[PDB]
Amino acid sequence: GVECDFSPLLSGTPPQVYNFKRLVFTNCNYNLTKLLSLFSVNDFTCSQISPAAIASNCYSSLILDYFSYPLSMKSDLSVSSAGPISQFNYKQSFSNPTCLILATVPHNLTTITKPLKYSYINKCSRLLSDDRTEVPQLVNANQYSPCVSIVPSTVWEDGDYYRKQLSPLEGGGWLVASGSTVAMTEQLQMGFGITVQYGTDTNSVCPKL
């Protein structure tokens, strides 16, 4: 069989967390250890699987999400934290095994370029018709924030805010968001989210033996 193609991850400027890029793999062979050996891995944690198991099992699919992400914001990735990252930007499946990897890009990994800064959504909210009540708009597993329609791929200025008037068909009211920025680090720091699914006789994403 053919090798899983991880090259988009290694090519060009990775998106910000709320614009995470998604790679989907079926029917291919992988070597996770080899992929990760290109990076300096700072954190590698999983739910319903382990770092050793995720590198050595056969799956019906493997999903890999990737983005620029400052290591300083480690804690904001957890569901248990009610931080803006897990609330408004990026959420992994709660029903399939997952891993989250935080890594630093070495200088000798040249095909990856730095963005100007890190950006994230600090707030995504709906104003109701009473013009008073704001309802947080929590990102769903496997989806973008509804606010990706109004927040640009790079936040221009820390504290910028954004609104969209919604149609009766969309439930009326206003979608409202605010963006934050974090200074670029000496070396680019990234997050990788891996989600796996197991099937019956379709477990064809397998490690290189």
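The first residue of the shown sequence is 1; numbering continues from there.
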Greater mean Cα temperature factor according to the PDB record, 28-36 or 173-181
28-36
For the higher mean C-alpha B factor in the entry, choose 188-196 or 8-16.
8-16
Per the PDB entry, which option out of 124, 71, 109, 127 has the greatest Cα B factor?
109
Which of 142, 153, 50, 61 ranks first by CA B-factor in the deposited coordinates
142
Taking the C-alpha B-factors as the PDB entry records them, is residue 83 in the lowest, middle or highest third of its chain?
highest
Sorting the chain's modelled residues by C-alpha B-factor, tell me whether residue 105 ends up in the lowest, middle or highest third.
middle
Would you check the entry's CA temperature factor for residue 138 and let me know if it's in the chain's lowest, middle or highest third?
middle
For the chain shown, is the CA B-factor of residue 89 in the lowest, middle or highest third of its modelled residues?
lowest
By the entry's values, the third containing the CA B factor of residue 119 is the lowest
